[PDB]
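Data from my_file.tsv: TSV, N, CA and C atoms
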chain	number	residue	atom	x	y	z
A	1	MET	N	11.66	36.57	-30.14
A	1	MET	CA	12.13	37.91	-29.75
A	1	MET	C	10.95	38.58	-29.06
A	2	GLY	N	10.93	38.50	-27.73
A	2	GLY	CA	9.67	38.23	-27.07
A	2	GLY	C	9.22	36.80	-27.40
A	3	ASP	N	8.09	36.38	-26.82
A	3	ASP	CA	7.52	35.04	-26.88
A	3	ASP	C	8.43	33.98	-26.24
A	4	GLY	N	7.87	32.83	-25.87
A	4	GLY	CA	8.57	31.75	-25.19
A	4	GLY	C	7.57	30.82	-24.52
A	5	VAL	N	8.07	29.78	-23.85
A	5	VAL	CA	7.25	28.89	-23.04
A	5	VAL	C	8.03	28.49	-21.79
A	6	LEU	N	7.33	28.00	-20.76
A	6	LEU	CA	7.94	27.36	-19.60
A	6	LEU	C	7.01	26.23	-19.15
A	7	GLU	N	7.60	25.12	-18.71
A	7	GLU	CA	6.92	24.06	-17.99
A	7	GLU	C	7.21	24.19	-16.50
A	8	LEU	N	6.16	24.11	-15.67
A	8	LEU	CA	6.25	23.93	-14.23
A	8	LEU	C	5.27	22.82	-13.84
A	9	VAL	N	5.43	22.23	-12.65
A	9	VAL	CA	4.63	21.14	-12.12
A	9	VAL	C	3.94	21.66	-10.86
A	10	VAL	N	2.63	21.40	-10.72
A	10	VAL	CA	1.79	22.03	-9.71
A	10	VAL	C	1.07	20.97	-8.87
A	11	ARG	N	1.60	20.68	-7.69
A	11	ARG	CA	0.89	19.83	-6.74
A	11	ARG	C	-0.34	20.60	-6.24
A	12	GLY	N	-1.40	19.88	-5.87
A	12	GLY	CA	-2.63	20.44	-5.33
A	12	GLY	C	-3.80	20.44	-6.32
A	13	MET	N	-3.58	20.04	-7.58
A	13	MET	CA	-4.62	20.07	-8.61
A	13	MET	C	-5.66	18.96	-8.43
A	14	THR	N	-6.48	19.07	-7.38
A	14	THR	CA	-7.54	18.12	-7.12
A	14	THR	C	-8.63	18.16	-8.20
A	15	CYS	N	-8.92	16.99	-8.77
A	15	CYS	CA	-10.17	16.62	-9.44
A	15	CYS	C	-10.61	17.61	-10.53
A	16	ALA	N	-10.04	17.46	-11.73
A	16	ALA	CA	-10.34	18.27	-12.90
A	16	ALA	C	-10.25	19.76	-12.54
A	17	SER	N	-11.40	20.41	-12.34
A	17	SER	CA	-11.64	21.77	-11.86
A	17	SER	C	-10.39	22.66	-11.74
A	18	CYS	N	-9.53	22.38	-10.75
A	18	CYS	CA	-8.24	23.04	-10.54
A	18	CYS	C	-7.54	23.38	-11.86
A	19	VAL	N	-7.49	22.43	-12.79
A	19	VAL	CA	-7.08	22.64	-14.18
A	19	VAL	C	-7.56	24.00	-14.70
A	20	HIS	N	-8.88	24.18	-14.87
A	20	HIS	CA	-9.42	25.39	-15.45
A	20	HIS	C	-9.25	26.56	-14.48
A	21	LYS	N	-9.23	26.28	-13.17
A	21	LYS	CA	-9.02	27.27	-12.13
A	21	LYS	C	-7.68	27.96	-12.35
A	22	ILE	N	-6.69	27.18	-12.76
A	22	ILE	CA	-5.41	27.70	-13.16
A	22	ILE	C	-5.61	28.35	-14.52
A	23	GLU	N	-5.86	27.51	-15.53
A	23	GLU	CA	-5.80	27.86	-16.94
A	23	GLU	C	-6.56	29.16	-17.22
A	24	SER	N	-7.84	29.18	-16.85
A	24	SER	CA	-8.74	30.29	-17.12
A	24	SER	C	-8.21	31.57	-16.45
A	25	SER	N	-7.74	31.43	-15.21
A	25	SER	CA	-7.20	32.55	-14.48
A	25	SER	C	-5.92	33.04	-15.17
A	26	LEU	N	-4.99	32.14	-15.48
A	26	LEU	CA	-3.75	32.53	-16.12
A	26	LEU	C	-4.01	33.22	-17.46
A	27	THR	N	-4.98	32.75	-18.24
A	27	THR	CA	-5.30	33.39	-19.51
A	27	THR	C	-5.70	34.88	-19.38
A	28	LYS	N	-5.95	35.39	-18.16
A	28	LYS	CA	-6.14	36.82	-17.94
A	28	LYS	C	-4.83	37.60	-18.16
A	29	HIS	N	-3.69	37.01	-17.80
A	29	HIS	CA	-2.42	37.74	-17.71
A	29	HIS	C	-2.02	38.28	-19.09
A	30	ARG	N	-1.84	39.61	-19.19
A	30	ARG	CA	-1.61	40.31	-20.45
A	30	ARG	C	-0.16	40.11	-20.93
A	31	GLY	N	0.15	38.86	-21.27
A	31	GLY	CA	1.42	38.42	-21.83
A	31	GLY	C	1.49	36.90	-22.01
A	32	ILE	N	0.37	36.19	-21.84
A	32	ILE	CA	0.24	34.76	-22.01
A	32	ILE	C	-0.46	34.53	-23.35
A	33	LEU	N	0.06	33.62	-24.17
A	33	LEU	CA	-0.55	33.19	-25.42
A	33	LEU	C	-1.46	32.00	-25.13
A	34	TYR	N	-0.90	30.93	-24.55
A	34	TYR	CA	-1.60	29.66	-24.36
A	34	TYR	C	-1.12	28.94	-23.10
A	35	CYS	N	-2.04	28.38	-22.30
A	35	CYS	CA	-1.73	27.54	-21.15
A	35	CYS	C	-2.04	26.09	-21.50
A	36	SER	N	-1.48	25.15	-20.74
A	36	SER	CA	-1.97	23.77	-20.69
A	36	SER	C	-1.66	23.17	-19.31
A	37	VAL	N	-2.64	23.18	-18.40
A	37	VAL	CA	-2.58	22.60	-17.09
A	37	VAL	C	-3.08	21.15	-17.15
A	38	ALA	N	-2.20	20.20	-17.46
A	38	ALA	CA	-2.56	18.79	-17.49
A	38	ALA	C	-2.45	18.16	-16.11
A	39	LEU	N	-3.51	17.47	-15.70
A	39	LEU	CA	-3.63	16.93	-14.35
A	39	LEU	C	-2.81	15.65	-14.21
A	40	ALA	N	-2.90	14.74	-15.18
A	40	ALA	CA	-2.22	13.45	-15.13
A	40	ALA	C	-0.71	13.65	-15.02
A	41	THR	N	-0.18	14.56	-15.85
A	41	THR	CA	1.22	14.95	-15.85
A	41	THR	C	1.55	15.85	-14.65
A	42	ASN	N	0.53	16.32	-13.92
A	42	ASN	CA	0.61	17.31	-12.87
A	42	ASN	C	1.34	18.58	-13.33
A	43	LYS	N	1.24	18.90	-14.63
A	43	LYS	CA	2.09	19.87	-15.29
A	43	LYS	C	1.26	21.03	-15.78
A	44	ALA	N	1.72	22.26	-15.53
A	44	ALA	CA	1.27	23.43	-16.26
A	44	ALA	C	2.40	23.85	-17.19
A	45	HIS	N	2.17	23.76	-18.51
A	45	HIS	CA	2.98	24.55	-19.43
A	45	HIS	C	2.27	25.87	-19.66
A	46	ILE	N	3.05	26.94	-19.77
A	46	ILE	CA	2.57	28.26	-20.10
A	46	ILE	C	3.42	28.75	-21.27
A	47	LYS	N	2.75	29.19	-22.34
A	47	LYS	CA	3.34	29.89	-23.46
A	47	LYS	C	3.12	31.38	-23.27
A	48	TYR	N	3.94	32.03	-22.45
A	48	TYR	CA	3.92	33.46	-22.20
A	48	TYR	C	5.22	34.11	-22.66
A	49	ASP	N	5.21	35.44	-22.75
A	49	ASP	CA	6.40	36.20	-23.10
A	49	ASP	C	7.30	36.40	-21.87
A	50	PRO	N	8.52	35.85	-21.86
A	50	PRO	CA	9.42	35.96	-20.72
A	50	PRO	C	10.07	37.33	-20.58
A	51	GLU	N	10.00	38.20	-21.59
A	51	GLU	CA	10.65	39.50	-21.57
A	51	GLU	C	9.79	40.48	-20.78
A	52	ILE	N	8.48	40.50	-21.06
A	52	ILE	CA	7.54	41.38	-20.35
A	52	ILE	C	7.10	40.79	-19.00
A	53	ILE	N	6.02	40.01	-18.98
A	53	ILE	CA	5.40	39.48	-17.78
A	53	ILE	C	6.40	38.66	-16.96
A	54	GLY	N	7.13	37.77	-17.62
A	54	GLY	CA	8.18	37.00	-16.98
A	54	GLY	C	7.63	35.81	-16.18
A	55	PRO	N	8.52	34.87	-15.82
A	55	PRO	CA	8.16	33.64	-15.11
A	55	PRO	C	7.64	33.93	-13.70
A	56	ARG	N	8.22	34.92	-13.03
A	56	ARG	CA	8.01	35.16	-11.60
A	56	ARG	C	6.53	35.44	-11.31
A	57	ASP	N	5.92	36.36	-12.07
A	57	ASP	CA	4.51	36.73	-11.94
A	57	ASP	C	3.64	35.47	-11.95
A	58	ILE	N	3.80	34.69	-13.02
A	58	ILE	CA	3.12	33.43	-13.22
A	58	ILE	C	3.34	32.52	-12.02
A	59	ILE	N	4.59	32.17	-11.71
A	59	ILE	CA	4.89	31.27	-10.61
A	59	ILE	C	4.19	31.73	-9.31
A	60	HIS	N	4.20	33.02	-9.00
A	60	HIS	CA	3.58	33.51	-7.77
A	60	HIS	C	2.06	33.57	-7.87
A	61	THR	N	1.52	33.81	-9.06
A	61	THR	CA	0.08	33.71	-9.26
A	61	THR	C	-0.34	32.27	-8.98
A	62	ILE	N	0.37	31.32	-9.59
A	62	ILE	CA	0.10	29.90	-9.49
A	62	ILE	C	0.19	29.45	-8.03
A	63	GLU	N	1.27	29.83	-7.35
A	63	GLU	CA	1.46	29.67	-5.93
A	63	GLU	C	0.22	30.18	-5.19
A	64	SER	N	-0.09	31.47	-5.35
A	64	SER	CA	-1.19	32.14	-4.67
A	64	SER	C	-2.55	31.50	-4.98
A	65	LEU	N	-2.74	30.94	-6.18
A	65	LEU	CA	-3.96	30.24	-6.53
A	65	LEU	C	-4.12	28.94	-5.72
A	66	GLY	N	-3.06	28.48	-5.06
A	66	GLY	CA	-3.13	27.41	-4.07
A	66	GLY	C	-2.61	26.11	-4.67
A	67	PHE	N	-1.44	26.17	-5.30
A	67	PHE	CA	-0.76	25.03	-5.89
A	67	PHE	C	0.73	25.16	-5.64
A	68	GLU	N	1.50	24.11	-5.91
A	68	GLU	CA	2.95	24.15	-5.74
A	68	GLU	C	3.71	24.17	-7.07
A	69	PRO	N	3.94	25.34	-7.69
A	69	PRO	CA	4.66	25.44	-8.95
A	69	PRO	C	6.15	25.12	-8.78
A	70	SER	N	6.47	23.84	-8.63
A	70	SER	CA	7.83	23.34	-8.75
A	70	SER	C	8.28	23.49	-10.21
A	71	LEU	N	9.55	23.82	-10.43
A	71	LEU	CA	10.12	23.83	-11.77
A	71	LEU	C	10.43	22.39	-12.19
A	72	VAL	N	10.44	22.17	-13.51
A	72	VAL	CA	10.68	20.85	-14.11
A	72	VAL	C	12.18	20.63	-14.30
A	73	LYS	N	12.86	21.64	-14.85
A	73	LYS	CA	14.25	21.54	-15.28
A	73	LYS	C	15.17	21.29	-14.08
A	74	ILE	N	14.97	22.08	-13.03
A	74	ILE	CA	15.64	22.03	-11.74
A	74	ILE	C	14.59	22.50	-10.72
A	75	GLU	N	14.98	22.66	-9.46
A	75	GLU	CA	14.30	23.48	-8.47
A	75	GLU	C	15.41	24.41	-7.96
How does this structure look as structure tokens?
Amino acid sequence: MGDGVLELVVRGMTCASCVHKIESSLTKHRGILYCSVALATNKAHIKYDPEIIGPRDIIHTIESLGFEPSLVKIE
């Protein structure tokens, strides 16, 4: 009631680094509990609150950070 998670997949995550470039930056957002930007899976899971901050902010931040946040479930 509040709280939640989403998985998205992010092309462009070159060579470790990009991982924390996402993760550390996303952890600023005042509605995220926990990130996990795994490179091998090419996946960012985000445990953020979907009621407040919402998916869109994240997806466009991720986009703007210079990656391709494709959705996992569908596109």
Residue neighbourhood residue 10 (chain A), 8 Å, all atoms listed in the file, exclusion window fewer than 4 positions, as an MDAnalysis selection string: chainID A and resid 14 41:44 62 66:71
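Pairwise distance (CA of residue 40 (chain A), CA of residue 18 (chain A)) equals 12.2 Å.
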Could you tell me which of A:46, A:22, A:30, A:39 comes closest to residue 4 (chain A) if we count only C-alpha atoms?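 Of A:46, A:22, A:30, A:39, the one nearest residue 4 (chain A), counting only C-alpha atoms, is A:46.
Running DSSP on the backbone gives helix (DSSP H, G or I) for these residues within chain A: residues 18, 19, 20, 21, 22, 23, 24, 25, 26, 54, 55, 56, 57, 58, 59, 60, 61, 62, 63 and 64 of chain A.
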Neighbours of point (3.1, 37.7, -26.9) within 7 Å, using only N, CA and C atoms, written as a PyMOL selection string: chain A and resi 2-4+31-33+48-49
Writing out the chosen residues with N, CA and C atoms as an mmCIF file, in the frame of the given file:
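Full text of again35.cif as output:
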data_model
loop_
_atom_site.group_PDB
_atom_site.id
_atom_site.type_symbol
_atom_site.label_atom_id
_atom_site.label_comp_id
_atom_site.auth_asym_id
_atom_site.auth_seq_id
_atom_site.Cartn_x
_atom_site.Cartn_y
_atom_site.Cartn_z
ATOM 1 N N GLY A 2 10.930 38.500 -27.730
ATOM 2 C CA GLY A 2 9.670 38.230 -27.070
ATOM 3 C C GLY A 2 9.220 36.800 -27.400
ATOM 4 N N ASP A 3 8.090 36.380 -26.820
ATOM 5 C CA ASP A 3 7.520 35.040 -26.880
ATOM 6 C C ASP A 3 8.430 33.980 -26.240
ATOM 7 N N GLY A 4 7.870 32.830 -25.870
ATOM 8 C CA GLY A 4 8.570 31.750 -25.190
ATOM 9 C C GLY A 4 7.570 30.820 -24.520
ATOM 10 N N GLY A 31 0.150 38.860 -21.270
ATOM 11 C CA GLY A 31 1.420 38.420 -21.830
ATOM 12 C C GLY A 31 1.490 36.900 -22.010
ATOM 13 N N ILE A 32 0.370 36.190 -21.840
ATOM 14 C CA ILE A 32 0.240 34.760 -22.010
ATOM 15 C C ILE A 32 -0.460 34.530 -23.350
ATOM 16 N N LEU A 33 0.060 33.620 -24.170
ATOM 17 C CA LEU A 33 -0.550 33.190 -25.420
ATOM 18 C C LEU A 33 -1.460 32.000 -25.130
ATOM 19 N N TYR A 48 3.940 32.030 -22.450
ATOM 20 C CA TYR A 48 3.920 33.460 -22.200
ATOM 21 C C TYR A 48 5.220 34.110 -22.660
ATOM 22 N N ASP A 49 5.210 35.440 -22.750
ATOM 23 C CA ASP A 49 6.400 36.200 -23.100
ATOM 24 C C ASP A 49 7.300 36.400 -21.870
#
Counting only C-alpha atoms, which residues come within 10 Å of (-8.1, 22.1, -17.1), with the point read in the file's coordinates, and could you list them as a list in words?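 Residues satisfying the cut-off, written out: residues 13, 15, 16, 17, 18, 19, 20, 21, 22, 23, 24, 35, 36, 37, 38, 39 and 44 of chain A.
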How would the residues just chosen look if you wrote them out with N, CA and C atoms as a PDB file, in the coordinates of the input?
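New file result-v6.pdb:
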ATOM      1  N   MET A  13      -3.580  20.040  -7.580  1.00  0.00           N
ATOM      2  CA  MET A  13      -4.620  20.070  -8.610  1.00  0.00           C
ATOM      3  C   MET A  13      -5.660  18.960  -8.430  1.00  0.00           C
ATOM      4  N   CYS A  15      -8.920  16.990  -8.770  1.00  0.00           N
ATOM      5  CA  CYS A  15     -10.170  16.620  -9.440  1.00  0.00           C
ATOM      6  C   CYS A  15     -10.610  17.610 -10.530  1.00  0.00           C
ATOM      7  N   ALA A  16     -10.040  17.460 -11.730  1.00  0.00           N
ATOM      8  CA  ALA A  16     -10.340  18.270 -12.900  1.00  0.00           C
ATOM      9  C   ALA A  16     -10.250  19.760 -12.540  1.00  0.00           C
ATOM     10  N   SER A  17     -11.400  20.410 -12.340  1.00  0.00           N
ATOM     11  CA  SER A  17     -11.640  21.770 -11.860  1.00  0.00           C
ATOM     12  C   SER A  17     -10.390  22.660 -11.740  1.00  0.00           C
ATOM     13  N   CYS A  18      -9.530  22.380 -10.750  1.00  0.00           N
ATOM     14  CA  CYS A  18      -8.240  23.040 -10.540  1.00  0.00           C
ATOM     15  C   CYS A  18      -7.540  23.380 -11.860  1.00  0.00           C
ATOM     16  N   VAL A  19      -7.490  22.430 -12.790  1.00  0.00           N
ATOM     17  CA  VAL A  19      -7.080  22.640 -14.180  1.00  0.00           C
ATOM     18  C   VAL A  19      -7.560  24.000 -14.700  1.00  0.00           C
ATOM     19  N   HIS A  20      -8.880  24.180 -14.870  1.00  0.00           N
ATOM     20  CA  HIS A  20      -9.420  25.390 -15.450  1.00  0.00           C
ATOM     21  C   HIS A  20      -9.250  26.560 -14.480  1.00  0.00           C
ATOM     22  N   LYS A  21      -9.230  26.280 -13.170  1.00  0.00           N
ATOM     23  CA  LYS A  21      -9.020  27.270 -12.130  1.00  0.00           C
ATOM     24  C   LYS A  21      -7.680  27.960 -12.350  1.00  0.00           C
ATOM     25  N   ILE A  22      -6.690  27.180 -12.760  1.00  0.00           N
ATOM     26  CA  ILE A  22      -5.410  27.700 -13.160  1.00  0.00           C
ATOM     27  C   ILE A  22      -5.610  28.350 -14.520  1.00  0.00           C
ATOM     28  N   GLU A  23      -5.860  27.510 -15.530  1.00  0.00           N
ATOM     29  CA  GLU A  23      -5.800  27.860 -16.940  1.00  0.00           C
ATOM     30  C   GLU A  23      -6.560  29.160 -17.220  1.00  0.00           C
ATOM     31  N   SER A  24      -7.840  29.180 -16.850  1.00  0.00           N
ATOM     32  CA  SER A  24      -8.740  30.290 -17.120  1.00  0.00           C
ATOM     33  C   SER A  24      -8.210  31.570 -16.450  1.00  0.00           C
ATOM     34  N   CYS A  35      -2.040  28.380 -22.300  1.00  0.00           N
ATOM     35  CA  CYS A  35      -1.730  27.540 -21.150  1.00  0.00           C
ATOM     36  C   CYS A  35      -2.040  26.090 -21.500  1.00  0.00           C
ATOM     37  N   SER A  36      -1.480  25.150 -20.740  1.00  0.00           N
ATOM     38  CA  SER A  36      -1.970  23.770 -20.690  1.00  0.00           C
ATOM     39  C   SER A  36      -1.660  23.170 -19.310  1.00  0.00           C
ATOM     40  N   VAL A  37      -2.640  23.180 -18.400  1.00  0.00           N
ATOM     41  CA  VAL A  37      -2.580  22.600 -17.090  1.00  0.00           C
ATOM     42  C   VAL A  37      -3.080  21.150 -17.150  1.00  0.00           C
ATOM     43  N   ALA A  38      -2.200  20.200 -17.460  1.00  0.00           N
ATOM     44  CA  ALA A  38      -2.560  18.790 -17.490  1.00  0.00           C
ATOM     45  C   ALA A  38      -2.450  18.160 -16.110  1.00  0.00           C
ATOM     46  N   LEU A  39      -3.510  17.470 -15.700  1.00  0.00           N
ATOM     47  CA  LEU A  39      -3.630  16.930 -14.350  1.00  0.00           C
ATOM     48  C   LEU A  39      -2.810  15.650 -14.210  1.00  0.00           C
ATOM     49  N   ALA A  44       1.720  22.260 -15.530  1.00  0.00           N
ATOM     50  CA  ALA A  44       1.270  23.430 -16.260  1.00  0.00           C
ATOM     51  C   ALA A  44       2.400  23.850 -17.190  1.00  0.00           C
TER      52      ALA A  44
END
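Note that the spacing between atom C of residue 52 (chain A) and atom C of residue 25 (chain A) amounts to 15.6 Å.
Note that CA of residue 9 (chain A) and CA of residue 72 (chain A) are 6.4 Å apart.
Considering only chain A, backbone DSSP assigns strand (DSSP E or B) to residues 6, 7, 8, 9, 10, 11, 32, 33, 34, 35, 36, 37, 38, 43, 44, 45, 46, 47, 48, 68, 69, 70 and 71 of chain A.
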Pick out the closest residue to residue 65 (chain A) from this set: A:34, A:7, A:47, A:12. Count only C-alpha atoms. A:12
